[PDB]
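Asker: Curious how this folds, go ahead:
(chains A, B, C, D, E, F and G, ligands or ions: 5)
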Amino acid sequence: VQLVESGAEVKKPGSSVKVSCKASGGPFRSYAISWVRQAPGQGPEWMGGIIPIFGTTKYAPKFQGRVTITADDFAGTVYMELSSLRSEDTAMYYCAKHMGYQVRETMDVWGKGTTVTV
Amino acid sequence: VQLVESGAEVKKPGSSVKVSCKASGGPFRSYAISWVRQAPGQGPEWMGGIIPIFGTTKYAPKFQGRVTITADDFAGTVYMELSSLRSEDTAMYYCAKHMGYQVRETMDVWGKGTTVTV
Amino acid sequence: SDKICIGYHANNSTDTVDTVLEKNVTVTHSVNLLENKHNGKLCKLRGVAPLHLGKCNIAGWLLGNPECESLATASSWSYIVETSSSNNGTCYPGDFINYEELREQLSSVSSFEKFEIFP
Amino acid sequence: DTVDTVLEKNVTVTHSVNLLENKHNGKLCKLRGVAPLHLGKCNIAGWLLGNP
Amino acid sequence: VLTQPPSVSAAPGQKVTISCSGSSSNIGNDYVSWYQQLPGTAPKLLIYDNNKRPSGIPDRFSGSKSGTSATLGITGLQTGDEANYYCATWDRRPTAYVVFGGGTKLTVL
Amino acid sequence: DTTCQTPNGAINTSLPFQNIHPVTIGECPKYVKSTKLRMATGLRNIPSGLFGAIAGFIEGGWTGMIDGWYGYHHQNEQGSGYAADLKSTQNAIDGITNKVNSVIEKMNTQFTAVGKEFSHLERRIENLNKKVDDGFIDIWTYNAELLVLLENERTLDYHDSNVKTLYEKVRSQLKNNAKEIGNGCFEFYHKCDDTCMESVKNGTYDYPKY
Amino acid sequence: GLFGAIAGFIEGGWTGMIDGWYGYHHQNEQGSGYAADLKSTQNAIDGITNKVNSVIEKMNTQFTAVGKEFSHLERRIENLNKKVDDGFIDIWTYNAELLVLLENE
Ligand SMILES: *[C@@H]1O[C@H](CO)[C@@H](O[C@@H]2O[C@H](CO)[C@@H](O[C@@H]3O[C@H](CO)[C@@H](O)[C@H](O)[C@@H]3O)[C@H](O)[C@H]2NC(C)=O)[C@H](O)[C@H]1NC(C)=O
Ligand SMILES: *[C@@H]1O[C@H](CO)[C@@H](O)[C@H](O)[C@H]1NC(C)=O
Ligand SMILES: *[C@@H]1O[C@H](CO)[C@@H](O)[C@H](O)[C@H]1NC(C)=O
Ligand SMILES: *[C@@H]1O[C@H](CO)[C@@H](O)[C@H](O)[C@H]1NC(C)=O
Ligand SMILES: *[C@@H]1O[C@H](CO)[C@@H](O)[C@H](O)[C@H]1NC(C)=O
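Answerer: Numbers count the residues shown, from 1 in each chain, chains lettered A, B, ... in the order given. Ligands and ions are numbered 1, 2, ... in the order given. You can find the structure just below:
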């Protein structure tokens, strides 16, 4: 399984950015997918994830209210959109896959990532 | 479900009359079908009925020996034939459907009927 | 000591069906989905008689062959019937140009009116 | 959402997917960044022959 | 054979009861159904399983059975309820066959 | 007077298939090269499976039960007798009729289809036409035969499961007041009169009372 | 059903279980609550996704396919072309409908 993201993004304060993640193999997955970001010189942070078939989405309390995670199942794509963008939102973004169908602490495969700049 | 009979019949004493009843929907049915007649100014009378798949036919003892009920399953039609017709056989005829696969007292859908005259 | 039992149905039927795992299985009830019977006649289609050429063919019928004088009255039909012995076509030797196209065109015609174009 | 079975019809299920598409936008549009050629009142013969 | 009173009459807005009396071979050991018939129209089912109502029948029609006699009750009598009411049962001993009642003519004033 | 006509003769039927002639005029059934196409609607006949009920621990059927597919046989001081089960038989009938209707509706009727004529300098298109006709005929014959073969097995397994479900229900109702003696029968530890048997069959057996 | 579990001796489902397909409900002195079963749900999810992917991969994508033109003296080949098109369309419609009907059961 290989997870690839879109290109780098440079935007303006107060805008909204939508990024995508594509996974190899069959269009339908049996594992959950989460989004993780890292600030320069800081540890990773977790926004939220999406669950197959059931379709429920979970978000962290810090990003609650301004992050949206959706999935296109027949295209095998996962989209994450951030709104009300600010100065601190510049970071390095990855989409990570889990071992099972539930969101947990164990992410075994990570993507290369993309950079978001304000 | 809609049950439609054939046209009116006018015949002669000693003849034989065959009437038909057609039901809407799929050609194969899961309910029994009975034949009921009414005389002018009289209450209804029950001749007999037919059962799906099993194909058994039941008749009243008054009409036993001179009534025959058959079914064309692929055409979705049920025929009733009366022989040795007499003067009293003039009446108003209906085909009625039951709730289940067995002949019983509960007929929930009736046809418009046809008139048989001698 | 009083008893109750559970069972199923059985009769004297002798119809058999085929399965991917076993052949000739006798069942209590079944239906037939194949028809293999006809009456062996050429018959009218919904109240309209066909057109039977007989000893003539399309070319001999349309051209007016002397052997097809019985076909000069037909004006309506449901379908056209031909025989393997239909050989009275063009008596004078020659070539009929686009004969099969004419047959295809006539294969979708139900009636015509014959009139004298040049008296 | 309901699905159809060979033994029963209109069975409500907890989850399902749709495999048929029946929606379009009702326009003639470019194919991968290249516009089509619309003849209009002319046909191929009048386009190639140089009709006035 | 089931027997009913030949005719019952009442003013509109009232409640009427029609009795279907048989024997222990027809009513005493089997259910009873109640049908309604209008002039020129086929009979219409009102009551089945001795107290159950098919979809579309107004609540004011009710039925019951007590031993060998069944009863049908109509409340809120209207002008359109003047029709013939029949009781049917599945007689079963020599040769089972559906038996209809004698018929009762309900007249509204 | 007819509705469907072939060069061999007229066809007067409502069945969905025929094997008389590929050329037809009117409203005619689909043509297949098969010789037999029979669809099962009842169970296996044993006058005298995946779930092991029919021809399993219940070795044979009953010719004394005439009004149903599955039922009971009881015997007590009053007398013995058979009685069919209505709910399971009704559900099975609904399923089987639905299956037959679904099979019928998936095969559309055949309209007019007559041959063409070609000259002696048009052999390639003639061969192409013949190839198309033969290919379509073969495909439809294969489809029909495979469908019948699979649905027969599914029906037999359906009935085999329907018997075992009823057996398990009756066993669950008779937890400890009855003894399981095999062959599908239970022997009561107490006196079960007609009312008790009726309650057992209905589905409201009073375990604490007995 | 063929096994008599769903709508059999277990008459209805639970709307309080939200994180799985099959699970348990317990009640004791400490308290009551639901809990989904992970292994069976995971195996079922794997099987269902495999089935959907297998269905998807067996139907290839349609490429360009436009019509042809024939004159007034070429009716036989025109009819042959129309017959071929209609036959293929009917065959594929039948295949799709039958596949869906069987896989649901
Ligand atoms: C309509 O078709 C029939 C055949 O079905 C035509 O009759 C056939 O006409 C040919 C003409 O060449 C005959 O062949 C000749 O027969 C004589 C007999 O003595 C022989 O000496 C010649 O060497 C040659 O073979 C053929 O016999 C004859 N057949 C029959 C059964 O009469 C008929 O002429 C056609 N009518 C038309 C075109 O108006
Ligand atoms: C089966 O028995 C019935 C009478 O019970 C009889 O009418 C029928 O002809 C028999 N069928 C065969 C195939 O012998
Ligand atoms: C099934 O029965 C037919 C007719 O008796 C027979 O010709 C055929 O060989 C049988 N099939 C098998 C597999 O024995
Ligand atoms: C299934 O539902 C549709 C929509 O209500 C209805 O039109 C159709 O008749 C239903 N099918 C059956 C078999 O009742
Ligand atoms: C038979 O079962 C039905 C099912 O609810 C119940 O209503 C009825 O009271 C039962 N009758 C007897 C005599 O146990």
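
Asker: Return the distance of residue E:57 relative to residue B:99.
Answerer: Separation of residue E:57 from residue B:99 (C-beta to C-beta, to the nearest Å): 15 Å. (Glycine included, C-beta is placed from N, CA and C.)

Asker: scratch that, residue C:12 is what I was asking about
Answerer: Per C-beta to C-beta, residue C:12 is found 30 Å from residue B:99.

Asker: So between these two, which is more surrounded?
Answerer: When neighbours are counted by other C-beta atoms under 10 Å in any protein chain shown, residue B:99 comes out ahead of the other of residue C:12 and residue B:99, with 17 against 8.

Asker: do you know how far the more buried one is from residue F:196?
Answerer: From residue B:99 to residue F:196 the distance is 29 Å (C-beta to C-beta).

Asker: Equivalent analysis for residue E:8, please.
Answerer: From residue E:8 across to residue F:196, the span is 43 Å (C-beta to C-beta).

Asker: Who has more neighbours out of the two?
Answerer: Remark: of residue E:8 and residue F:196, residue F:196 carries more neighbours, 21 against 16, as counted by other C-beta under 10 Å.

Asker: In contact with that one, which residues?
Answerer: If a contact means C-beta atoms under 8 Å, 6 or more residues apart in numbering or on different chains, then residue F:196 has F:205, F:210 as its contacts.

Asker: tell me which element it falls in.
Answerer: helix F:194-202 (DSSP states H and E).

Asker: Output that helix as CSV, restricted to C-alpha atoms.
Answerer: The C-alpha atoms that make up helix F:194-202 are tabulated as CSV, following Å, rounded to 0.1, in the frame of the first residue of the first chain:
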residue,chain,number,x,y,z
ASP,F,194,-55.2,-32.0,22.8
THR,F,195,-54.9,-28.5,24.3
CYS,F,196,-51.3,-29.0,25.1
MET,F,197,-50.5,-30.2,21.6
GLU,F,198,-52.3,-27.2,20.1
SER,F,199,-50.3,-24.9,22.4
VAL,F,200,-47.1,-26.7,21.3
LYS,F,201,-47.9,-26.2,17.6
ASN,F,202,-49.1,-22.6,18.0
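
Asker: That one near ligand 5 at all?
Answerer: Yes. In this structure, helix F:194-202 sits against ligand 5 according to C-beta under 6 Å from any ligand atom; the contacting residues are F:199, F:202.

Asker: How about the contacts made by residue C:18?
Answerer: Residue C:18 makes contact with C:24, C:25, F:36, F:38, F:148, F:149, F:152, according to C-beta under 8 Å, 6+ apart.

Asker: Among the residues you listed, which lie within helices?
Answerer: Secondary structure of those is defined by DSSP state H; positions in helices are F:148, F:149, F:152.

Asker: Got a PyMOL select line for the buried ones in those?
Answerer: Isolation of the buried members of the ones in helices among the contacts of residue C:18 (16 or more other C-beta atoms under 10 Å in any protein chain shown) is achieved in PyMOL through the command below:
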select buried, chain F and resi 148+152
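
Asker: from the ones in helices among the contacts of residue C:18, which is closest to residue E:3?
Answerer: Compare each of the ones in helices among the contacts of residue C:18 with residue E:3 using C-beta to C-beta and the shortest gap goes to residue F:152, at 53.1 Å.

Asker: distance of that closest one from residue C:81?
Answerer: The gap separating residue F:152 from residue C:81 is 41 Å, by C-beta to C-beta.

Asker: can you check residue F:126 too?
Answerer: 23 Å.

Asker: Next: residue E:69.
Answerer: Counting by C-beta to C-beta, the gap from residue E:69 to residue C:81 is 73 Å.

Asker: Same check on residue A:56?
Answerer: With C-beta to C-beta as the criterion, residue A:56 and residue C:81 are 71 Å apart.

Asker: quick one: contacts for the residue of chain C at minimum distance from chain B?
Answerer: Closest contact between chain C and chain B, by C-beta to the nearest C-beta, is at residue C:29 (5.9 Å). Listed by C-beta under 8 Å, 6+ apart, the contact set of residue C:29 reads B:53, B:54, C:13, F:40, F:41, F:42.

Asker: could you redo the last one with a cut-off of 10 Å?
Answerer: Contact partners of residue C:29, counting by C-beta atoms under 10 Å, 6 or more residues apart in numbering or on different chains, are B:53-55, C:9, C:11, C:13, C:15, F:40-43, F:45, F:69, F:96.

Asker: Next: residue A:55.
Answerer: A:70, A:71, A:73, D:15.

Asker: isn't residue F:151 right up against residue F:103?
Answerer: Yes. Counting by C-beta atoms under 10 Å, residue F:151 touches residue F:103, with 6.9 Å between them.

Asker: SS state for residue C:8?
Answerer: Assigned by DSSP: H, G, I helix; E, B strand; the rest coil, the conformation of residue C:8 is strand.

Asker: Hmm, residue E:73 is touching residue E:16, no?
Answerer: Yes. The pair formed by residue E:73 and residue E:16 meets the contact definition of C-beta under 10 Å, at 7.2 Å.

Asker: so residue F:74 makes contact with residue F:199?
Answerer: No. Using C-beta under 10 Å, residue F:74 is not in contact with residue F:199; the gap is 12.0 Å.

Asker: From residue G:59, how far off is residue A:74?
Answerer: Using C-beta to C-beta, we find residue A:74 at a distance of 12 Å from residue G:59.

Asker: Show me which residues of chain F are close to chain B?
Answerer: Applying the criterion C-beta under 10 Å from any C-beta of the partner chain, the portion of chain F that neighbours chain B consists of F:13-16, F:41-42, F:66-69, F:84, F:86-87, F:89-105.

Asker: which SSE is residue F:137 in?
Answerer: In this assignment (DSSP H and E), residue F:137 forms part of helix F:123-173.

Asker: Kindly calculate the angle that that helix makes with helix F:194-202.
Answerer: Counting by axes from the mean of the first three to the mean of the last three C-alpha atoms, to 10 degrees, helix F:123-173 points 140 degrees away from the direction of helix F:194-202.

Asker: what about helix F:123-173, near chain D?
Answerer: Yes. Under the criterion of C-beta under 10 Å from any C-beta, chain D is reached by helix F:123-173 at F:151, F:154, F:158.

Asker: So that helix, near chain C or not?
Answerer: Yes. Using C-beta under 10 Å from any C-beta, helix F:123-173 comes into contact with chain C via F:144-156, F:159-160, F:162-164, F:166-171.

Asker: tally of neighbours for residue C:84?
Answerer: Residue C:84 is surrounded by 5 other residues when neighbours are defined as other C-beta under 10 Å.

Asker: Dihedrals phi and psi, it?
Answerer: The phi/psi pair for residue C:84 (degrees, to the nearest 10) reads phi -70, psi -20.

Asker: Excluding covalently adjacent residues, which one is nearest to residue E:94?
Answerer: Excluding its sequence neighbours, the residue lying closest to residue E:94 (C-beta to C-beta, 6 or more residues apart in numbering or on different chains) is residue B:61, at 7.8 Å.

Asker: which ones are touching the one you found?
Answerer: Contacts were defined as C-beta under 10 Å, 6+ apart; by that measure residue B:61 touches E:94, E:95, E:97.

Asker: Now, the residues you listed that are in strands?
Answerer: Of the positions in the contacts of residue B:61, residue E:97 sit in strands, assigned by DSSP state E.

Asker: From the contacts of residue B:61, keep the buried residues only.
Answerer: Among the contacts of residue B:61, the ones that count as buried by 16+ other C-beta under 10 Å are residue E:97.

Asker: Minimum distance to chain D, which residue of chain F gives it?
Answerer: The nearest approach of chain F to chain D comes at residue F:95, 4.5 Å away (C-beta to the nearest C-beta).

Asker: quick one: that residue from chain A, how far?
Answerer: For residue F:95, the distance to chain A (C-beta to the nearest C-beta, to the nearest Å) stands at 28 Å.

Asker: Contact partners for the nearest residue to residue F:3 once chain neighbours are set aside?
Answerer: Take residue F:3 and drop its neighbours on the chain: the residue closest to it by C-beta to C-beta, 6+ apart is residue F:26, 5.3 Å away. If you count contacts by C-beta under 10 Å, 6+ apart, residue F:26 has them with C:45-46, C:78-79, F:2-6, F:10-11, F:109-112.
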